[PDB]
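Participant: I'd like to ask some things about the structure below.
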Amino acid sequence: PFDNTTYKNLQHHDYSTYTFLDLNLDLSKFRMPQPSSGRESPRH
Amino acid sequence: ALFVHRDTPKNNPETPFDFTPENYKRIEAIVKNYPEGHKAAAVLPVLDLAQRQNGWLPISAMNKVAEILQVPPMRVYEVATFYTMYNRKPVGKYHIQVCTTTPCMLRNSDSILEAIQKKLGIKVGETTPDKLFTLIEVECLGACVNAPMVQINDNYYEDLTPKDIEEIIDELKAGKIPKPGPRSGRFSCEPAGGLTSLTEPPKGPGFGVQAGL
Amino acid sequence: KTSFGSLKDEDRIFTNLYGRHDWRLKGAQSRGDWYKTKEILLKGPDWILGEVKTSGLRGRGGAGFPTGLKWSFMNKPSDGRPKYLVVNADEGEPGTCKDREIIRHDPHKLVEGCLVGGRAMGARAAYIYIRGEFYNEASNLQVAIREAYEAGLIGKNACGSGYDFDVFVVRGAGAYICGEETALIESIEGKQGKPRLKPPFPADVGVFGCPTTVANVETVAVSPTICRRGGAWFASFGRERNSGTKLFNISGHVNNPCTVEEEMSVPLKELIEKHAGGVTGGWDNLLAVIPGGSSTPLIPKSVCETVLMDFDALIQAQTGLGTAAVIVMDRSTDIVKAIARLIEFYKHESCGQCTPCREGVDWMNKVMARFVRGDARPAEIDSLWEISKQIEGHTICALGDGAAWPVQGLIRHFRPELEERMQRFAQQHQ
Amino acid sequence: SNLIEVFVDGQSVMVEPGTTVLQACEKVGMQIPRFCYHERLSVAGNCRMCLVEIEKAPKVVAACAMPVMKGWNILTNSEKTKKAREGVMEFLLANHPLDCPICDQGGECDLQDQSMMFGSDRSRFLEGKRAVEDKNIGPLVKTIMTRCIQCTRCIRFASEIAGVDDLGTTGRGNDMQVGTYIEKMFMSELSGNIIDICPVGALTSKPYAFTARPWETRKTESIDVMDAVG
Ligand SMILES: NC(=O)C1=CN([C@@H]2O[C@H](COP(=O)(O)OP(=O)(O)OC[C@H]3O[C@@H](n4cnc5c(N)ncnc54)[C@H](O)[C@@H]3O)[C@@H](O)[C@H]2O)C=CC1
Ligand SMILES: Cc1cc2nc3c(=O)[nH]c(=O)nc-3n(C[C@H](O)[C@H](O)[C@H](O)COP(=O)(O)O)c2cc1C
Ligand code: SF4
Ligand code: SF4
Ligand code: SF4
Ligand code: FES
Ligand code: FES
Ligand SMILES: [K+]
C-alpha cells in the first residue's frame, strides 16, 4: 500500500548519546588501510 | 564568557578524569579513521567524546586528550576555546538553546524565550538551582522553515508556541523524553496547507536512463 | 523557452524530500538510486567530467562556480599524495535548511554522489563534514553508510568496478566559519577553523596537504542524476548559465514556510504566491525580501514584482542568489533591528584571524545598535558605508563581504527610514 | 636560468620562481609596509597591511603571500593601495588604547611610524574600546595584552624557533586573546626575543621598563662574551 501520509523517519527518536561513535566503531572493520606520510608526527 | 582559566578546587589539573574502556575502543576507532602521521585530527572528535563522559570539560580531559594523541595541551585549549559547543563550565543535565536569528526572530522566538524565563525562574546563561536546566541563547541552527525552534541536548523541538514549550518543560521535569519533532500538524518540511509538490508516486529505476550507458 | 517555473513531479531529482517514503537502502533503491552505477564507474572520469560540464551545473553552495571546471582542475596525474573529495554539509547560513533534508531523507543519494564525484577526480576517500548540532542527521547518514557498506556498494570493490572508495563522517563543533572550504579543511585536521589563503588552492594543497575538492551537498547529490539522465536533460531548465533545479527555503513572514524544489529561473512572486501560500497580510503587505540568506543583500517590494531567481537576474539586481534562502519581512517588521541582528550574528560568528573583519564587524555592530536606538546622526550613515568599503575585498575569507553587503543594501534602500528614526530620537529626547 | 620578468611601478626586474610580491618590491627597492610578515618566520598573512594592487585586476593582493607570475605590474603607490592601507590601519587603531605616553615602545613603535607614514590624520571611531585581561609569563617579559594587535608572531616564534609550543590564541572574534590559557611561565633560551619581534608595546622588557627612551640612547656595536657563539 502506497502511504503518503506517514513520516517514515522515525528511527531518530531511539538514538542515544553514543549512537554515532558506536556506528563509527562498527563501521571501522570495513575500511581501507590509511596511507602513511612516512613519519609518526609532523614534530617527529 | 572568560577565555582564561583560573585554578579552582572544582576545576584543577588534578581533577580525576579517565575514559572508560569502551570509550578507549571508540577513541581507537576514531584515530584509525584518519591517515597515519595526522593523528592530531582526532583531537576534534575525541575531546567531544570526553564531553559525553561528563557533560562539561574540566581541565583534565584536555590534558588527557593531549597526552593520548602526542599534541601540546595548548592546541587542545585552542580547540576547546574556538568552538562554542564545548562546555568549559558545568552545565545542567538539560541544556536548552534558543535560536534568535532573523528567520527565527520574525516568527517570535523571543516569545518562547520569555515563556521559558518566566517558567524556570532563571535568565539567559543561568543554571537552575536543582541543576536540571540551563538556558542560553544561540545563533541559527539550520531549521529556519520550522521557526521558532529550540534545541535540548541533541534533540530539536521546532515550530513551537509558548504552550508547547511549557508542555515540553513539564515533560522534561517528569523524567520522560519528548519526541524531537515539530509541534504543529506538519512532519518535517511540508507546507501546512497541504502538499503543494511531490504528490506523484516515485517513478522507480530504469526511468530516463540515456542510451550508451 | 522563455517562461519558467511550475516544475513537474517527474523531473524533480530530490524525490522523498519530505520523508514520506523510506529513507533506507531498500526504499531508495526502488526510486532510482544506485542504479547502473558500475556502468558510470567503468565509463570513468573523463566521461563523468564531460557529462557534468555539459549540463552547465554551477556550485549550489552560494558562489555559483561551474562544477565541471571546479572538478576539472583536480583531474591531474598523481605526485605520490592521495586525492580527496570533501562534502561541505555545514549550512551555518541563516534561512538555509535544504541540505539538512537532503542528508536526513536521502542519504544514499549523497553517498552515490560522493562515489561518482570521487570517481570523477580519482579521489581515494570521501570526508563528510556534517554540522555539530545535526546529531540525528549524522546518525542517519552513518546508518545509510553502513547499509551501503554491507551491500558492497562502497568500500572493497565498490559496486563491482574495481575502484576503492571510502566515506567518513566528521561531526562539527558549532562554528559558522567552518562552512568556508579552507576553514573546513583546517578544521578537519584538528586545528582552529580559520580559513587559509588562496593560492594555494585546495586542488593543489588541501586537507593534510593532499589534493582536495570541497563540494556542497546539493551539487554532489545531483551528480548521479546528471550522469544518468544526461547533461542536456539538466540543461533544458532555466536560462543559459542558469541550468537545472534549485531547492528554495521560503521562511520569515510567510503563511507556509517550506522547502521546495523548483526550476532554476522561477520568478520570485510566483514562487512566494504558489508554494509559501502568500505573504502574511497579502502581497501588498510586503516590505522586503532577502533572496539568499544573510550573505545576500535585501531587496524591496518595488523590485520583487518582476525579478527572476537565478544568478544573472539577481547579480543584475544589485544582490546575489546565494543559497536561495528566501527571508520575507512584511510591513510589521523593524528592518534596522533585523539588520542589527544579522550583524550581531556575523560578529558572533567570526574567526578573528584577519584584521578588517575582526575590527569592522564589531564596529558595524555598535553603529547598528546605536542606529536601532536612534542615538546617531545622518552624517554617520555614509561613514558607515565607507566602513563597509574598507571591509569588502580586503579580507581573507568572504565573511567580510557577507557582512558588508547587508549594511550596504539596507542603507541604499532605506536611508529615509534611518534618517527619520534618528531625527525622531533627536526631536524627542533633545 | 628560470628567472622571470616582473614590473614594479613600471620598472622591470628579474625574479626567481616562487618569489612573493614583497621580495620583488624589495629587490627593486620599495619596502611594502607589514605587521605580521617576518623574513625569518612562516607567512601568516592575518593583518592585511601589505595589500598591494596588481594592474588590470579588480582586487588587492597580499604582497607578503602572493607568488608572482610573468607579466605582472605592481603598483605600490596607486590610489586604491593607499585607500586599503588607510582603511586597514583605521581598523587597527580603532581598538588600540591611548597608552603612548606610558609605553616603552614609544619612539620605536612600528604602529606609530607607519601611522605617520601611511595612516590617516584623524579617528572616526566614536565607540568604546575593548580591554584585555593581562597575563603573566615570567619576570623577564612584561605583558600588557590591551596593546596587542593579534599579529601571531608570538605563536610562530614559540613554535618554529624556540620550539616550546606553549603560546596560542584563545577566543573567536574581537575577544580573541593571545596567551597561554593557564598560569604558565614562558621560560626558554630565547624567551626575550619576542620583545624584539613585537611590533607594539604589548610585550616589553621588565628590567628595562620605565627607564629610558629610544631617541636619547647612543648605540654602540659590540660583541657578546657571555658564551663562545660570539
Ligand atoms: N551555502 C552557505 O551556507 C553559504 C554560502 N555563502 C556564499 O558563498 C560564497 C562565498 O564562498 P567562496 O567559497 O568564498 O566563493 P568563491 O570566491 O570562492 O569560490 C568558489 C569556489 O571556486 C573555487 N575557485 C575559484 N577560483 C578558482 C581558481 N582559479 N582555481 C581553482 N579553484 C577556484 C574556490 O576554491 C571555491 O571552492 C558567496 O556567494 C556567499 O553568498 C556564504 C555564506 C554561507
Ligand atoms: C563564511 C562562509 C561560510 C560558508 N558556509 C558554507 C556552507 O555552510 N556550506 C556550503 O556548501 N558552502 C559554504 N560556503 C561556501 C564555500 O566557500 C564553497 O562555496 C563551498 O564549500 C563549495 O561551493 P561549490 O558548491 O561551488 O562547490 C561558505 C563560505 C563562506 C565565506
Ligand atoms: S574575514 Fe573574518 S572570519 Fe574571515 S578570515 Fe578574516 S577574521 Fe576570519
Ligand atoms: S604600542 Fe605603539 S601605538 Fe600602542 S601605546 Fe605603545 S607607542 Fe602607542
Ligand atoms: S603580543 Fe606582540 S608579537 Fe605577540 S601576537 Fe601580539 S602584537 Fe604580535
Ligand atoms: S534562523 Fe533559527 S533555525 Fe535558522
Ligand atoms: S604583512 Fe601581509 S597580511 Fe600582514
Ligand atoms: K616590543
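So you can find residues: chains in the C-alpha cells are A, B, ... in the order shown, residues in each start at 1, and ligands are numbered from 1 in order.
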At a cut-off of 6 Å, can you tabulate as a Markdown table every residue of chain C near chain B together with its closest atom pair and the distance in Å to one decimal, using only C-alpha atoms and ordering rows by chain then number?
Facilitator:
```
| residue | atom | partner | partner_atom | distance |
| --- | --- | --- | --- | --- |
| C:9 | CA | B:198 | CA | 5.9 |
| C:30 | CA | B:204 | CA | 5.3 |
| C:31 | CA | B:204 | CA | 4.1 |
| C:32 | CA | B:205 | CA | 4.2 |
| C:94 | CA | B:140 | CA | 5.8 |
| C:95 | CA | B:144 | CA | 5.2 |
| C:97 | CA | B:142 | CA | 5.2 |
| C:173 | CA | B:85 | CA | 5.5 |
| C:174 | CA | B:85 | CA | 5.5 |
| C:189 | CA | B:41 | CA | 4.3 |
| C:190 | CA | B:41 | CA | 3.8 |
| C:192 | CA | B:79 | CA | 5.8 |
| C:228 | CA | B:209 | CA | 5.5 |
| C:229 | CA | B:209 | CA | 5.1 |
| C:251 | CA | B:145 | CA | 5.2 |
| C:252 | CA | B:103 | CA | 5.1 |
| C:256 | CA | B:191 | CA | 5.3 |
| C:257 | CA | B:145 | CA | 5.1 |
| C:258 | CA | B:191 | CA | 5.5 |
| C:338 | CA | B:102 | CA | 5.9 |
```
Participant: Restricting it to C-alpha atoms, dump the selection as a PDB file, in the first residue's frame.
Facilitator:
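That gives us out.pdb:
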```pdb
ATOM      1  CA  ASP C   9       6.965  15.998 -10.369  1.00  0.00           C
ATOM      2  CA  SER C  30      13.139   1.498  -5.599  1.00  0.00           C
ATOM      3  CA  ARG C  31      13.263   5.202  -6.533  1.00  0.00           C
ATOM      4  CA  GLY C  32      16.272   5.226  -8.867  1.00  0.00           C
ATOM      5  CA  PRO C  94      20.506  31.600   8.297  1.00  0.00           C
ATOM      6  CA  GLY C  95      17.478  30.712   6.208  1.00  0.00           C
ATOM      7  CA  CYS C  97      17.930  24.166   5.608  1.00  0.00           C
ATOM      8  CA  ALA C 173      31.530  21.598  16.876  1.00  0.00           C
ATOM      9  CA  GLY C 174      29.169  24.515  16.248  1.00  0.00           C
ATOM     10  CA  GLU C 189      42.907  18.437  10.530  1.00  0.00           C
ATOM     11  CA  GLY C 190      42.166  19.161  14.218  1.00  0.00           C
ATOM     12  CA  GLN C 192      41.033  26.021  14.741  1.00  0.00           C
ATOM     13  CA  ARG C 228      22.357   9.058 -15.748  1.00  0.00           C
ATOM     14  CA  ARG C 229      19.592  11.176 -17.300  1.00  0.00           C
ATOM     15  CA  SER C 251      10.574  31.450   5.523  1.00  0.00           C
ATOM     16  CA  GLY C 252      10.124  34.556   7.629  1.00  0.00           C
ATOM     17  CA  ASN C 256       3.526  28.475   4.987  1.00  0.00           C
ATOM     18  CA  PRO C 257       7.327  28.395   5.361  1.00  0.00           C
ATOM     19  CA  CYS C 258       8.614  25.401   3.442  1.00  0.00           C
ATOM     20  CA  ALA C 338      16.737  42.754  11.635  1.00  0.00           C
TER      21      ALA C 338
END
```
Participant: Distance limit 8 Å, atoms considered: only C-alpha atoms. Which chain D residues sit that close to chain C? Return them as a PyMOL selection string.
Facilitator: chain D and resi 45-48+51+59-60+66+84+87-88+91-92+94-95+127+150+172-174+176
Participant: I need the chosen residues saved as a PDB file, in the first residue's frame, with N, CA, C and O atoms.
Facilitator:
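And here is the file that came out, out.pdb:
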```
ATOM      1  N   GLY D  45      49.943  36.166   7.161  1.00  0.00           N
ATOM      2  CA  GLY D  45      49.020  36.974   6.384  1.00  0.00           C
ATOM      3  C   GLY D  45      47.699  37.300   7.044  1.00  0.00           C
ATOM      4  O   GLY D  45      46.652  37.220   6.390  1.00  0.00           O
ATOM      5  N   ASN D  46      47.714  37.684   8.322  1.00  0.00           N
ATOM      6  CA  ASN D  46      46.483  37.961   9.052  1.00  0.00           C
ATOM      7  C   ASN D  46      46.384  39.411   9.515  1.00  0.00           C
ATOM      8  O   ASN D  46      45.675  39.698  10.484  1.00  0.00           O
ATOM      9  N   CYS D  47      47.083  40.331   8.853  1.00  0.00           N
ATOM     10  CA  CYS D  47      46.990  41.747   9.180  1.00  0.00           C
ATOM     11  C   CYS D  47      46.523  42.610   8.020  1.00  0.00           C
ATOM     12  O   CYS D  47      46.009  43.707   8.265  1.00  0.00           O
ATOM     13  N   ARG D  48      46.699  42.154   6.779  1.00  0.00           N
ATOM     14  CA  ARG D  48      46.195  42.785   5.557  1.00  0.00           C
ATOM     15  C   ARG D  48      46.742  44.195   5.340  1.00  0.00           C
ATOM     16  O   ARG D  48      46.127  44.995   4.632  1.00  0.00           O
ATOM     17  N   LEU D  51      48.538  44.851   1.467  1.00  0.00           N
ATOM     18  CA  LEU D  51      47.666  44.724   0.305  1.00  0.00           C
ATOM     19  C   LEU D  51      48.112  45.690  -0.783  1.00  0.00           C
ATOM     20  O   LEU D  51      47.892  46.901  -0.682  1.00  0.00           O
ATOM     21  N   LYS D  59      41.065  43.473  -7.647  1.00  0.00           N
ATOM     22  CA  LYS D  59      41.230  43.069  -6.258  1.00  0.00           C
ATOM     23  C   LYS D  59      42.651  43.395  -5.828  1.00  0.00           C
ATOM     24  O   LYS D  59      43.577  43.376  -6.644  1.00  0.00           O
ATOM     25  N   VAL D  60      42.810  43.694  -4.556  1.00  0.00           N
ATOM     26  CA  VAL D  60      44.127  43.884  -3.966  1.00  0.00           C
ATOM     27  C   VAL D  60      44.622  42.540  -3.456  1.00  0.00           C
ATOM     28  O   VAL D  60      43.840  41.725  -2.952  1.00  0.00           O
ATOM     29  N   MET D  66      51.416  36.470  -1.831  1.00  0.00           N
ATOM     30  CA  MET D  66      51.089  36.215  -3.231  1.00  0.00           C
ATOM     31  C   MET D  66      52.341  35.878  -4.028  1.00  0.00           C
ATOM     32  O   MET D  66      53.282  36.680  -4.051  1.00  0.00           O
ATOM     33  N   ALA D  84      43.356  51.186   0.758  1.00  0.00           N
ATOM     34  CA  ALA D  84      43.350  49.941   1.517  1.00  0.00           C
ATOM     35  C   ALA D  84      44.227  50.043   2.757  1.00  0.00           C
ATOM     36  O   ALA D  84      43.845  49.569   3.833  1.00  0.00           O
ATOM     37  N   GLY D  87      42.364  52.268   5.348  1.00  0.00           N
ATOM     38  CA  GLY D  87      41.259  51.555   5.971  1.00  0.00           C
ATOM     39  C   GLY D  87      41.718  50.479   6.936  1.00  0.00           C
ATOM     40  O   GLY D  87      41.173  50.346   8.041  1.00  0.00           O
ATOM     41  N   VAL D  88      42.743  49.713   6.544  1.00  0.00           N
ATOM     42  CA  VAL D  88      43.266  48.656   7.405  1.00  0.00           C
ATOM     43  C   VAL D  88      43.847  49.245   8.682  1.00  0.00           C
ATOM     44  O   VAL D  88      43.607  48.734   9.783  1.00  0.00           O
ATOM     45  N   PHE D  91      41.123  50.466  11.033  1.00  0.00           N
ATOM     46  CA  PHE D  91      40.610  49.325  11.788  1.00  0.00           C
ATOM     47  C   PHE D  91      41.581  48.895  12.880  1.00  0.00           C
ATOM     48  O   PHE D  91      41.162  48.541  13.988  1.00  0.00           O
ATOM     49  N   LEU D  92      42.885  48.920  12.583  1.00  0.00           N
ATOM     50  CA  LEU D  92      43.895  48.527  13.565  1.00  0.00           C
ATOM     51  C   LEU D  92      43.909  49.465  14.766  1.00  0.00           C
ATOM     52  O   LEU D  92      44.045  49.019  15.911  1.00  0.00           O
ATOM     53  N   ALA D  94      41.391  51.375  15.703  1.00  0.00           N
ATOM     54  CA  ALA D  94      40.066  51.570  16.285  1.00  0.00           C
ATOM     55  C   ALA D  94      40.021  51.143  17.748  1.00  0.00           C
ATOM     56  O   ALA D  94      39.423  51.830  18.583  1.00  0.00           O
ATOM     57  N   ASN D  95      40.647  50.016  18.081  1.00  0.00           N
ATOM     58  CA  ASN D  95      40.587  49.460  19.426  1.00  0.00           C
ATOM     59  C   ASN D  95      41.901  49.585  20.187  1.00  0.00           C
ATOM     60  O   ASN D  95      42.027  49.022  21.278  1.00  0.00           O
ATOM     61  N   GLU D 127      33.033  54.966  19.447  1.00  0.00           N
ATOM     62  CA  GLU D 127      32.520  53.893  20.286  1.00  0.00           C
ATOM     63  C   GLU D 127      33.495  53.621  21.430  1.00  0.00           C
ATOM     64  O   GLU D 127      34.486  54.334  21.614  1.00  0.00           O
ATOM     65  N   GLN D 150      47.124  41.210  17.732  1.00  0.00           N
ATOM     66  CA  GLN D 150      46.929  39.839  17.252  1.00  0.00           C
ATOM     67  C   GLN D 150      47.641  39.608  15.917  1.00  0.00           C
ATOM     68  O   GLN D 150      47.031  39.291  14.896  1.00  0.00           O
ATOM     69  N   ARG D 172      37.385  33.776  19.828  1.00  0.00           N
ATOM     70  CA  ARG D 172      36.876  33.798  18.459  1.00  0.00           C
ATOM     71  C   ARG D 172      36.192  35.138  18.234  1.00  0.00           C
ATOM     72  O   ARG D 172      35.126  35.391  18.804  1.00  0.00           O
ATOM     73  N   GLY D 173      36.795  35.986  17.408  1.00  0.00           N
ATOM     74  CA  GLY D 173      36.224  37.287  17.125  1.00  0.00           C
ATOM     75  C   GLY D 173      37.033  38.423  17.710  1.00  0.00           C
ATOM     76  O   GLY D 173      38.265  38.367  17.731  1.00  0.00           O
ATOM     77  N   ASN D 174      36.351  39.461  18.193  1.00  0.00           N
ATOM     78  CA  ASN D 174      37.044  40.595  18.789  1.00  0.00           C
ATOM     79  C   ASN D 174      37.582  40.294  20.181  1.00  0.00           C
ATOM     80  O   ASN D 174      38.386  41.077  20.696  1.00  0.00           O
ATOM     81  N   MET D 176      39.311  37.508  20.945  1.00  0.00           N
ATOM     82  CA  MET D 176      40.383  36.527  20.856  1.00  0.00           C
ATOM     83  C   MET D 176      41.647  37.085  21.495  1.00  0.00           C
ATOM     84  O   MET D 176      42.099  38.180  21.148  1.00  0.00           O
TER      85      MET D 176
END
```
Participant: Neighbouring residues of ligand 4 are defined here as those with any atom at most 12 Å from a ligand atom, counting only C-alpha atoms and all ligand atoms; list them as a PyMOL selection string.
Facilitator: chain D and resi 89+92-116+143-149+195+198-204+213-214
Participant: Atoms to include: C-alpha atoms. Write the selected residues as a short mmCIF file (atom, residue, chain, number, x, y, z; two decimals), in the first residue's frame.
Facilitator:
```cif
data_model
loop_
_atom_site.label_atom_id
_atom_site.label_comp_id
_atom_site.auth_asym_id
_atom_site.auth_seq_id
_atom_site.Cartn_x
_atom_site.Cartn_y
_atom_site.Cartn_z
CA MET D 89 45.15 50.92 9.79
CA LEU D 92 43.90 48.53 13.56
CA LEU D 93 43.81 51.77 15.57
CA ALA D 94 40.07 51.57 16.28
CA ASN D 95 40.59 49.46 19.43
CA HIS D 96 44.15 50.45 20.33
CA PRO D 97 44.47 52.03 23.80
CA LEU D 98 45.71 55.58 24.35
CA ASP D 99 48.81 54.30 26.12
CA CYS D 100 51.54 56.08 24.12
CA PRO D 101 52.97 58.31 26.94
CA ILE D 102 53.15 55.35 29.36
CA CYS D 103 54.56 52.96 26.75
CA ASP D 104 58.13 51.74 26.43
CA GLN D 105 57.62 51.27 22.68
CA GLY D 106 57.06 55.00 22.09
CA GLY D 107 59.69 56.40 19.76
CA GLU D 108 60.47 52.96 18.31
CA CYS D 109 56.92 51.77 17.67
CA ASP D 110 56.19 50.34 14.23
CA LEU D 111 52.50 51.22 14.56
CA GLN D 112 53.28 54.89 15.26
CA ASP D 113 55.80 55.10 12.41
CA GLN D 114 53.55 53.67 9.74
CA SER D 115 50.60 55.60 11.17
CA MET D 116 52.57 58.76 10.44
CA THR D 143 52.76 41.57 29.35
CA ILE D 144 50.09 44.18 28.59
CA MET D 145 47.62 42.48 26.24
CA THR D 146 45.46 45.59 25.84
CA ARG D 147 48.03 46.79 23.28
CA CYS D 148 48.34 43.54 21.30
CA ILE D 149 47.07 43.66 17.71
CA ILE D 195 60.25 41.57 22.87
CA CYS D 198 56.55 42.55 18.95
CA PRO D 199 55.54 45.47 16.69
CA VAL D 200 53.57 47.06 19.56
CA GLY D 201 54.26 47.62 23.25
CA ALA D 202 52.33 44.52 24.31
CA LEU D 203 55.47 42.57 25.27
CA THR D 204 58.12 44.75 26.90
CA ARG D 213 63.51 56.32 25.73
CA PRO D 214 64.80 55.18 22.32
#
```
Participant: Just list the residues in stretch 5-207 of chain D DSSP gives strand (DSSP E or B) on the backbone, as a tab-separated table (two decimals) with N, CA and C atoms, in the first residue's frame.
Facilitator:
```tsv
chain	number	residue	atom	x	y	z
D	5	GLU	N	60.26	37.76	-15.61
D	5	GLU	CA	60.21	39.22	-15.62
D	5	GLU	C	58.96	39.70	-14.89
D	6	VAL	N	59.14	40.64	-13.96
D	6	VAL	CA	58.01	41.32	-13.33
D	6	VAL	C	58.29	42.82	-13.35
D	7	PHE	N	57.25	43.59	-13.07
D	7	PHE	CA	57.33	45.04	-13.10
D	7	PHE	C	56.87	45.60	-11.76
D	8	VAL	N	57.67	46.50	-11.20
D	8	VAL	CA	57.30	47.25	-10.00
D	8	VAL	C	57.29	48.73	-10.39
D	11	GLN	N	58.90	49.45	-13.55
D	11	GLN	CA	60.32	49.12	-13.66
D	11	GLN	C	60.49	47.61	-13.72
D	12	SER	N	61.17	47.14	-14.76
D	12	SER	CA	61.36	45.71	-14.97
D	12	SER	C	62.43	45.16	-14.04
D	13	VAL	N	62.22	43.92	-13.59
D	13	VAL	CA	63.19	43.25	-12.72
D	13	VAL	C	63.03	41.74	-12.88
D	14	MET	N	64.12	41.03	-12.61
D	14	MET	CA	64.19	39.58	-12.70
D	14	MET	C	63.88	38.98	-11.33
D	15	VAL	N	63.08	37.92	-11.30
D	15	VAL	CA	62.79	37.21	-10.06
D	15	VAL	C	62.91	35.71	-10.28
D	20	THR	N	57.64	36.03	-3.66
D	20	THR	CA	56.48	36.82	-3.29
D	20	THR	C	56.59	38.23	-3.88
D	51	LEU	N	48.54	44.85	1.47
D	51	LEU	CA	47.67	44.72	0.30
D	51	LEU	C	48.11	45.69	-0.78
D	52	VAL	N	48.74	45.16	-1.82
D	52	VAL	CA	49.19	45.94	-2.96
D	52	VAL	C	48.31	45.59	-4.15
D	53	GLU	N	48.26	46.49	-5.12
D	53	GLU	CA	47.38	46.34	-6.27
D	53	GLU	C	48.17	45.90	-7.49
D	54	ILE	N	47.71	44.83	-8.13
D	54	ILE	CA	48.21	44.43	-9.44
D	54	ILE	C	47.32	45.07	-10.49
D	60	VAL	N	42.81	43.69	-4.56
D	60	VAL	CA	44.13	43.88	-3.97
D	60	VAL	C	44.62	42.54	-3.46
D	61	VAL	N	45.92	42.29	-3.60
D	61	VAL	CA	46.51	41.02	-3.21
D	61	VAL	C	47.48	41.26	-2.06
D	62	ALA	N	47.63	40.24	-1.22
D	62	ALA	CA	48.54	40.32	-0.08
D	62	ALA	C	49.96	40.08	-0.58
D	67	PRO	N	52.41	34.72	-4.69
D	67	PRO	CA	53.54	34.45	-5.57
D	67	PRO	C	53.35	35.12	-6.92
D	73	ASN	N	52.52	43.77	-13.33
D	73	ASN	CA	52.94	45.12	-12.99
D	73	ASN	C	52.38	45.44	-11.62
D	74	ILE	N	53.25	45.78	-10.68
D	74	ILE	CA	52.87	46.01	-9.29
D	74	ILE	C	52.86	47.51	-9.04
D	75	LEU	N	51.72	48.02	-8.58
D	75	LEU	CA	51.56	49.44	-8.30
D	75	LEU	C	51.62	49.63	-6.79
D	141	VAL	N	59.53	39.07	30.63
D	141	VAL	CA	58.69	39.72	29.64
D	141	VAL	C	57.47	40.29	30.35
D	142	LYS	N	57.35	41.61	30.36
D	142	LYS	CA	56.17	42.27	30.89
D	142	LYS	C	55.07	42.27	29.84
D	143	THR	N	53.88	41.82	30.25
D	143	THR	CA	52.76	41.57	29.35
D	143	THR	C	51.66	42.58	29.61
D	168	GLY	N	49.43	30.55	22.26
D	168	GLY	CA	48.36	30.37	21.31
D	168	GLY	C	47.32	31.45	21.43
D	169	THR	N	46.23	31.27	20.68
D	169	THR	CA	45.12	32.21	20.65
D	169	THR	C	43.87	31.52	21.18
D	170	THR	N	43.30	32.06	22.24
D	170	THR	CA	42.06	31.55	22.82
D	170	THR	C	40.96	32.59	22.61
D	177	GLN	N	42.22	36.33	22.43
D	177	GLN	CA	43.36	36.77	23.21
D	177	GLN	C	44.55	35.87	22.94
D	178	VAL	N	45.72	36.47	22.73
D	178	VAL	CA	46.96	35.73	22.55
D	178	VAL	C	47.57	35.52	23.93
D	179	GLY	N	47.61	34.27	24.37
D	179	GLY	CA	48.15	33.95	25.68
D	179	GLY	C	48.48	32.48	25.80
D	203	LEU	N	54.42	43.29	24.56
D	203	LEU	CA	55.47	42.57	25.27
D	203	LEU	C	56.67	43.50	25.40
D	204	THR	N	56.99	43.88	26.63
D	204	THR	CA	58.12	44.75	26.90
D	204	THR	C	59.13	44.02	27.78
D	205	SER	N	60.30	44.63	27.94
D	205	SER	CA	61.35	44.09	28.79
D	205	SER	C	61.15	44.60	30.20
```
Participant: Restrict the distance test to only C-alpha atoms, flag each residue of chain A within 7 Å of chain C, and return the flagged residues as an mmCIF file with N, CA, C and O atoms, in the first residue's frame.
Facilitator:
```cif
data_model
loop_
_atom_site.group_PDB
_atom_site.id
_atom_site.type_symbol
_atom_site.label_atom_id
_atom_site.label_comp_id
_atom_site.auth_asym_id
_atom_site.auth_seq_id
_atom_site.Cartn_x
_atom_site.Cartn_y
_atom_site.Cartn_z
ATOM 1 N N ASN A 4 1.285 7.920 1.691
ATOM 2 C CA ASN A 4 1.881 9.240 1.533
ATOM 3 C C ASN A 4 1.527 10.168 2.688
ATOM 4 O O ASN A 4 1.563 11.392 2.529
ATOM 5 N N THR A 5 1.179 9.611 3.848
ATOM 6 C CA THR A 5 0.724 10.409 4.975
ATOM 7 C C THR A 5 1.436 10.099 6.283
ATOM 8 O O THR A 5 1.088 10.695 7.307
ATOM 9 N N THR A 6 2.408 9.190 6.290
ATOM 10 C CA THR A 6 3.131 8.823 7.500
ATOM 11 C C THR A 6 4.599 9.187 7.346
ATOM 12 O O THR A 6 5.225 8.844 6.338
ATOM 13 N N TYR A 7 5.144 9.871 8.348
ATOM 14 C CA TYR A 7 6.553 10.237 8.333
ATOM 15 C C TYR A 7 7.402 9.006 8.624
ATOM 16 O O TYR A 7 7.304 8.417 9.706
ATOM 17 N N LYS A 8 8.232 8.613 7.657
ATOM 18 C CA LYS A 8 8.997 7.377 7.764
ATOM 19 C C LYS A 8 10.306 7.536 8.525
ATOM 20 O O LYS A 8 10.941 6.525 8.841
ATOM 21 N N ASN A 9 10.729 8.763 8.822
ATOM 22 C CA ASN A 9 11.960 8.992 9.579
ATOM 23 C C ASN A 9 11.616 8.953 11.065
ATOM 24 O O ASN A 9 11.526 9.973 11.750
ATOM 25 N N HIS A 12 15.090 8.090 14.526
ATOM 26 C CA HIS A 12 15.903 9.037 15.281
ATOM 27 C C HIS A 12 15.331 9.362 16.654
ATOM 28 O O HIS A 12 16.012 10.023 17.445
ATOM 29 N N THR A 19 25.402 6.860 19.903
ATOM 30 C CA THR A 19 24.995 6.161 18.687
ATOM 31 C C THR A 19 25.983 6.386 17.549
ATOM 32 O O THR A 19 26.356 5.437 16.849
ATOM 33 N N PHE A 20 26.413 7.636 17.351
ATOM 34 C CA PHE A 20 27.308 7.970 16.245
ATOM 35 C C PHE A 20 28.669 7.305 16.407
ATOM 36 O O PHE A 20 29.212 6.743 15.447
ATOM 37 N N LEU A 23 28.379 3.576 15.876
ATOM 38 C CA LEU A 23 28.243 3.299 14.450
ATOM 39 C C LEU A 23 29.585 3.405 13.738
ATOM 40 O O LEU A 23 29.901 2.582 12.872
ATOM 41 N N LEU A 27 31.535 0.393 11.914
ATOM 42 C CA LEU A 27 31.934 0.561 10.525
ATOM 43 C C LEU A 27 33.437 0.454 10.317
ATOM 44 O O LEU A 27 33.873 0.224 9.185
ATOM 45 N N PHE A 30 35.406 -2.292 8.151
ATOM 46 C CA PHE A 30 35.223 -2.407 6.709
ATOM 47 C C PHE A 30 36.083 -1.426 5.923
ATOM 48 O O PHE A 30 35.930 -1.326 4.701
ATOM 49 N N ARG A 31 36.986 -0.710 6.582
ATOM 50 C CA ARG A 31 37.680 0.417 5.979
ATOM 51 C C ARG A 31 39.022 0.010 5.382
ATOM 52 O O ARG A 31 39.622 -0.996 5.768
#
```
